[PDB]
Amino acid sequence: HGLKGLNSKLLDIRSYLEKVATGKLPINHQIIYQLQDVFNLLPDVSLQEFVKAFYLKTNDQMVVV
Amino acid sequence: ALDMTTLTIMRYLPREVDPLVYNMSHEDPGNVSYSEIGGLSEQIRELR
Amino acid sequence: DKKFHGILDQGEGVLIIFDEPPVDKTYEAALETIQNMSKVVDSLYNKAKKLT
Amino acid sequence: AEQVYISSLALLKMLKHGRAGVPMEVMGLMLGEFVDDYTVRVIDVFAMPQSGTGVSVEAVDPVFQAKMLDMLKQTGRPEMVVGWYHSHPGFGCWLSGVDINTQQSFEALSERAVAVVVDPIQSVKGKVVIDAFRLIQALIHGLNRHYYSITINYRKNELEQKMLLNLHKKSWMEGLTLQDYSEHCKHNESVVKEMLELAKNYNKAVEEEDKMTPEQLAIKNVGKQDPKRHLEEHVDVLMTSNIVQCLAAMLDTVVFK
Amino acid sequence: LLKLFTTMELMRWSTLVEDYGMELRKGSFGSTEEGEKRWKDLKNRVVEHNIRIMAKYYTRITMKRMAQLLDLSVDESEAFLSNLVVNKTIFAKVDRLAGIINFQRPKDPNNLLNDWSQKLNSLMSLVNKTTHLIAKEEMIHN
């Protein structure tokens, strides 16, 4: 139910930005800032760090299961 | 206060005092001061 | 004597210290549970041979 | 054969006012229409103010009433006063004689007016208790003697329900939320630990009761807490709680990137 | 002065002493006894200050350059750091062999995961908050 929710919000922002580039997009430099901040918050990174965190965690879950 | 059918609180009250605490409290009216008696300012002062 | 958890490297004349704290409790209780169960199984089968 | 249909908004306003008044038998009026001799429909309700005394004839307030009536006219809710609700909290659904007299005062207004008794407290979450009926446990008061029961149903809409579904739904940002891990670990470490002490309990009950019957059994297990329903029940939390947490991560890692 | 200890930046002792020494001493920091004793504290507070901010920015640090930053040599530093960790005012762990001070705390998979879990949540609000604006414009725009 949450996943369905997500996909919806992303649409919204997507075609809006189009309307930005078409629908006489005024500017809203206040939104674009926030989009950027959404990207900057994007967890990358199958990094040697995370790859271990998740791994060490999943195992704990296995023991309980 | 409690209810007679619903049997729930009908209204909280305070701590009563029965019909005996009045007779010894608000009732018993003392008389004349201590001067009325004496013969031994011993206990009169001692108690005071 | 297990005081501070480290090791001496005499080659370089160094002392290493470590910050141990991994002896996990969960996994311990899990192993203990396996023991109590490994007793319950036997006792369970002790009734089976009788009912079978 | 005769029946009433009680719209949803009516019933919820009903139970709300009743449950709010505990325990002074509130009252209010019912707005609706008489379809035929076999039907009364109640689409609306409004609430009647309280008074130093319980529900009774004068409890009905004419000023208040009409004052509400016209007010609703402006909103197009024009409909007869078809009956009057009421509540007998804790005492089930029946009319006291005092309920009766008033019911008569609503007979001479309309011969088909009905009485509706709601019982807030007992009314369980399952099948809400409601009762509607008119004059001539409850049999003590002459359920069939002075008055007689009726039947009830509920006019519905596919949407109404649809709103109500989300009642016990979740939030939005929900589904992707990952409870504090570290804190979770305690559940598995603390939960598993508590179970450990039980593991031996189950062992002792199998080695013991192993040689008994059910009558002897009631003596054992009505007393203490058999460790059977504890291990099975306890495993429930670990299972699903862990799976949801494990699953949640699996999605956040792949999805959120 | 107060504005100098509010903000977060390196102090460099000498410049401070030069600029403020005169104006301080004039006020009725006194002799070389009870008052003068304050001069040593002030130096301490300065050290605690720089070492207090480095802990903010730098994830790792070295030795020499750290001395340079704190003016003090290898000793005045190691000592200042030791006293701070003893009494506890930072989490720093050294690697002695003429090398590296290490200021990063010791988190565990669980700690790293918290940051990720927390990040995800904050993003949601960016994805949720960010929705109303998009709509507000459509209604106010067309």
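Residues numbered from 1 in each chain as written, not as in the entry; some residues may be left out. Chains lettered and ligands numbered in written order. Part of a larger assembly, values for the part shown. Heavy atoms only, no water. Residues with missing side-chain atoms left out of burial classes, pairs and counts.

The record names cryo-EM as the way this model was obtained, at a resolution of 3.50 Å.

## A word on the overall build of chain A
Along its length, chain A carries three helices and zero strands. Ordered by position from the N terminus, the helices and strands of chain A form the series α-α-α. Since a compact globule built from 65 residues should have a radius of gyration of about 11 Å, the 18 Å found for chain A marks it as more spread out than a globular shape. With respect to the principal axes defined by its C-alpha atoms, chain A has extents near 55 × 30 × 15 Å. (Helix = DSSP H or I, 4+ residues; strand = E, 2+ residues; numbered from the N terminus. Rg over C-alpha atoms; globule rule 2.2 N^0.38 Å.)

## Quick notes on the interface of chain D and chain C
Taken together, the contacts link twelve residues of chain D with 14 residues of chain C. A per-class count over the side of chain D that touches chain C returns six nonpolar, two polar and four charged. (Contact = heavy atoms within 4.5 Å. Nonpolar A, V, L, I, M, F, W, Y, C, P; charged D, E, K, R; others polar.)

## Focus: the sheet that holds strand β1 (residues 60–62) of chain E
Residue and element names in this part refer to chain E. Taking strand neighbours across the sheet as the criterion, the three strands line up as β1-β3-β2 in an open arrangement whose pairing is antiparallel. A strand with exactly one partner marks an edge of an open sheet, and here the two such strands are β1 and β2 (93–95). When strand polarity is set aside, the average angle formed by the axes of neighbouring strands in this sheet is 25 degrees. As judged from the three bridges shared by β2 and strand β3 (residues 100–102), these two strands associate in the antiparallel manner. Considered in β3, the bridge of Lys93 is made with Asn102. (Pairing = 2+ DSSP bridges. Axes fitted to C-alpha atoms, helices over the stretch in contact; angles between N-to-C directions.)

## Let's talk about the packing of aromatic side chains
With 4.9 Å between their ring centres and 75 degrees between their planes, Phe50(A) and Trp116(E) make a pair best called edge-to-face. Of this pair, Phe50(A) sits in helix α3 (residues 50–64) while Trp116(E) sits in helix α6 (residues 109–140), on two different chains. A connected cluster of aromatic rings, assembled from ring pairs, spans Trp13(E), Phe29(E) and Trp39(E). Above the plane of the ring of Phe34(D) lies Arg112(D), whose end atom (NZ or CZ) is 5.8 Å from the centre. Here the guanidinium or amino end of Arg155(D) rests over the ring plane of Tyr5(D), the centre of that ring lying 5.3 Å away. (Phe/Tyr/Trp six-rings, centres within 6.5 Å; stacked < 30°, edge-to-face > 60°. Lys NZ or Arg CZ within 6 Å of the ring centre and 35° of its normal.)

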